[PDB]
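We're numbering straight along the sequence, starting at 1. Every number for a ligand or one of its atoms is a count from 1 in the order of the listing. Side chains are part of it too, since the values below use all heavy atoms of this structure and drop only hydrogens, waters and symmetry mates.
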Amino acid sequence: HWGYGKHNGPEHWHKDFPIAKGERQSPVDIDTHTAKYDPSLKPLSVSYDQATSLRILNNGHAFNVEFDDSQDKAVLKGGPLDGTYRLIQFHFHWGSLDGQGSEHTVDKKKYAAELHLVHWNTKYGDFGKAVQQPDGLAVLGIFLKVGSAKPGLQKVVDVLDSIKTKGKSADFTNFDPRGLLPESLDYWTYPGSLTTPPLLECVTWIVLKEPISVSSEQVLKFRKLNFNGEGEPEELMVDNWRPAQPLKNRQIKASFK
Ligand SMILES: [O][B]([O])([O])/[C]=[C]/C1=[C][C]=[C][C]=[C]1
Ligand SMILES: [Zn+2]
């Protein structure tokens with residue numbers, strides 16, 4: 001019964017998921033002045049040309065665009081990573097207002113939304129194994145700011161009407177995730193966690209410095225989704241973000257400057 005309400009939101013999660021108060025939780029604030037440039041990170045490799053999207057699902061907390069991860073088709077390598085990480089799904093976190101919605105912050109600034117492209121380390125065989133390991137997942141995080149429309153997001157926005165409520169899904173084949181990336185792949189990286197229960201400390205975070213721009217109309221459509229199931233009182237799917245957690249004994253590294 002976790003969620004984003006007053007009764008069941010982030011401040012309550014520790015009761016069912018004690019790791020909520022752990023040593024490597026996410027998201028965090030990225031203090032740009034304290035992040036250190038690391039000239040050794042190796043180049044970052046996003047290989048999405050053969051991606052095979054399958055379906056879009058409203059899971060009651062966000063919507064997920066799911067991919068075929070039974071073979072190396074859409075993979076993340078390089079940067080801080082050792083080995084090959086397969087794309088399994090992406091989703092977003094967003095606000096009720098344009099000045100909130102991101103999970104990570106940058107010098108305390110919140111963006112309107114944040115995209116998470118979730119990948120798992122192929123050495124562990126399946127995603128359920130990978131989330132048990134400290135280097136199991138690599139999440140590419142991309143900030144969204146409100147301005148000009150993002151063309152590559154529009155196919156997602158257009159299908160949302162068909163998955164308004166929890167448990168609805170729709171076919172979502174032939175979607176190209178390359179259309180959601182910014183120009184630059186400059187990034188920050190740090191070890192962290194899933195930002196929703198079970199909050200497992202299995203993620204190498206790769207947060208891009210450059211946000212993408214989406215239109216007010218695009219993000220308004222996100223906010224028409226429902227957390228509730230069909231035939232239940234309407235609760236708009238907004239403010240599905242976890243706030244920044246303590247950095248503790250971690251360093252955030254920059255790929256640039
Ligand atoms: O850290 B997020 O990318 O927000 C969470 C991803 C996540 C994926 C599968 C199961 C539970 C959570
Ligand atoms: Zn997420």
| For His91 and ligand 1, does the shortest N/O to N/O distance drop below 3.5 Å? | yes
| said: Under 6.0 Å between ring centres: does that hold for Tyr111 and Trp94? | reply: no
| Does a side-chain N-to-carboxylate-O contact under 4.0 Å join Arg24 and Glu201? | no
| Any N/O of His93 closer than 3.5 Å to an N/O of ligand 1? | yes
| For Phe256, is the NZ or CZ atom of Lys209 found under 6.0 angstrom from the centre of its six-membered ring and inside 45 degrees of the ring axis? | yes
| For atom 11 (C) of ligand 1, the option (of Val139, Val131, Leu137, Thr196) bearing the nearest heavy atom | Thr196
| So, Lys123 and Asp135, do they make that salt bridge, N to O below 4.0 Å? | yes
| Can you name the N/O/S atom of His116 that is nearest the Zn ion (ligand 2)? | ND1
| field | Sub-3.5 Å N/O-N/O distance, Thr195 and ligand 1 | value | yes
| Do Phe90 and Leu208 share a hydrophobic cluster, counting only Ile, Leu, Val, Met, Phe, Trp and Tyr and linking them when any side-chain heavy atoms are less than 4.5 Å apart? | yes
| query | Are any non-hydrogen protein atoms located under 4.0 Å from atom 8 (C) of ligand 1? | reply | yes
| message | Need the ligand 1 atom indices (1-based, order shown) with element for anything under 4.0 Å from a heavy-atom of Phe127. | response | 9 (C)
| message | Testing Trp241, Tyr190, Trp188, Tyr187 one by one against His104 for a ring-ring contact (aromatic ring centres under 6.0 Å, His included), which residue passes? | response | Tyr190
| Output field: ring centroids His93/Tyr4 closer than 6.0 Å | no
| query | For ligand 1, which atoms sit closer than 4.0 Å to a heavy atom of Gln89? | reply | 8 (C)
| remark: Near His116 (heavy-atom distance under 4.0 Å), the atoms of ligand 1 are 2 (B), 3 (O), 4 (O)
| query | Any heavy atom of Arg242 sitting closer than 4.0 Å to ligand 1? | reply | no
